[PDB]
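Here you get one chain, nothing else, as structure tokens; it is the form deposited in one PDB entry.
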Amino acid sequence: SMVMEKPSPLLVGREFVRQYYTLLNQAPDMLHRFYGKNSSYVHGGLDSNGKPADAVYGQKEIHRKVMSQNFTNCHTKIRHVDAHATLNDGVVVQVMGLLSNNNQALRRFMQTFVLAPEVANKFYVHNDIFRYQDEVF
């Protein structure tokens, strides 16, 4: 009945970051459905020789690396979200905040997204770069 103005890249971005981190609290074994194929993904961590882990691609290899990080009661605090229009119909969403897994303590992180169109007015995750500070500093 009422028609309202479409959301702005800044509004689209904060509303994705809102939807994302609450799902990861409620049910992280669905979090892969924000991604399409060709979707970059690293979520922190180190490897064998101490260096920062590398990325995984595609909706299915994400669902694997997402569940080995066994999320449990992820309590999360976004301090800052910044988002702007990009190449094509996309949005880049720098994110900064505090994530807490397994009742372990709060750790600061630095995140970038790229949200991309697919209906054509729906947004999926084409890249997702996440890094904790204490593993890089």
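Definition used throughout: the rigid core is the maximal C-alpha set that superposes within 1.5 Å between two forms. All residue numbers refer to positions in the sequence shown, first residue = 1.
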Unresolved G36 in a third or more of other entries flanked by modelled residues: no
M110 left out of the model in a third or more of other PDB entries: no
Between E118 and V119 - deposited residues without coordinates, as a size class: 1 to 3
Which of 58 to 66 and 43 to 51 has higher mean CA B factor, as the PDB entry lists it: 43 to 51
Of 119 to 127 and 15 to 23, the stretch whose C-alpha atoms average the higher B-factor in the entry: 119 to 127
Peak C-alpha temperature factor (PDB record), options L87, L31, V93, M96: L87
Position of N101 among the chain's modelled residues by C-alpha B-factor, lowest, middle or highest third: middle
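What follows is about the form deposited in another entry, which we do not show.
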Rigid core superposition between the shown form and the other one: residue from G44, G97, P28, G90 with Cα shift of 2 Å or more: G44
Outcome for the Cα pair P52, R79 in that other deposited form, compared with this form (closer or farther; change of 3 Å or more): farther
Pairwise C-alpha change, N49 versus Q59, in that other deposited form against this form - closer or farther, 3 angstroms or more: closer
